[PDB]
């Protein structure tokens, strides 16, 4: 198995789908399989979109490189680097530990997390682990984006708004979500804990209400990752920032976003006056959601077994505005999911 075979597998997928599939996607796919036979683990190790993985794995099996039977088994030696093992086990490779947050936020958060609303398919939900939420807020603490600040959270199954308000740092936290269950849980917690936290039912496909335009110092979001979803979550966030010196925090996966789309998103940030100051890949680990067998890619999977441990992860990005972002505050029409999206 030589280099050209990786190139040819990628070109085949490219020809069949119109998607930006490269030879290095194939390399990554093979690399992961040097370390595991389990499909979900292969996804986690690969750093390739699940939309790409399926036809790549098919192409590799058509060439006799891969056996697809109860597992994914490499049948040949391959020109692909094996996954490294250098993640710091103390912080799960984050660099940040949420346990250190003020106000005993970590212990108080874990109590509330035990009663959180289940992730539902109606809103593409799937929350990160409590440690992930707390570390996300710890990053914001470290960069000075919580204390005395006005914080907006756009979608909050992760309960970032709650963790942030439990630290005792923000001036106030406002959460928007389409799901009344999330809104109500946050309002309940806000009342019981005496927090300056408010939550509102709002669908981000509609314009942002004028009270929230250029009114915040800091936003958090873990958005739907089609370009329209990026616009509706991250563009609203940028519109919500007062301007220069304000910060945003964004969750971004490989599972549903190609490196080509990573670049497009980075261009979108730079052209709207932002700059990236942190990008910690694999920072968030997601809890398995109940609706996995009803998601888009399920029927395509070569092995179909419910996952028993976490597999879906995302990066944390920190951005800062160098000037006010003057984005159109229009309705977003059309699908927030794109062709790369597979777990909705």
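Positions refer to the first chain, counted from 1.
Colleague: Would you determine, from the values in the PDB entry, which of 265-273 and 205-213 has the greater average C-alpha temperature factor?
Modeller: Looking at the record's C-alpha B-factors, the answer is 205-213.
Colleague: For the higher mean C-alpha B factor in the entry, choose 100-108 or 221-229.
Modeller: Looking at the recorded C-alpha B-factors, 100-108 comes out higher on average.
Colleague: Select one of 318, 296, 62, 47: the residue whose C-alpha shows the highest B-factor in the crystal structure entry.
Modeller: Result of the comparison over 318, 296, 62, 47: 62.
Colleague: Of the options 287, 281, 70, 278, which has the highest CA B factor as deposited?
Modeller: In this record, 70 carries the highest C-alpha B-factor of the candidates.
Colleague: Tell me, lowest, middle or highest third: where does the Cα B factor of residue 182 rank within its chain?
Modeller: Middle third, going by the recorded CA B-factors of the chain.
Colleague: Comparing residue 172 with the other modelled residues of its chain, is its CA B-factor in the lowest, middle or highest third?
Modeller: According to the entry, residue 172 has a C-alpha B-factor in the chain's middle third.
Colleague: Consider only the C-alpha atoms of the modelled residues in this chain, order them by B-factor as the entry records it, and name the third containing residue 136: lowest, middle or highest.
Modeller: Its C-alpha B-factor, which the entry lists for residue 136, ranks in the lowest third among residues of this chain.
Colleague: Please place residue 248 in the lowest, middle or highest third of its chain by C-alpha B factor as given in the entry.
Modeller: Within its chain, residue 248 is a lowest-third residue by C-alpha B-factor, going by the deposited values.
Colleague: Taking only the Cα B-factors deposited for this chain, tell me whether residue 92 sits in the lowest, middle or highest third.
Modeller: Highest third - that is where residue 92 ends up once the chain's C-alpha B-factors are sorted.
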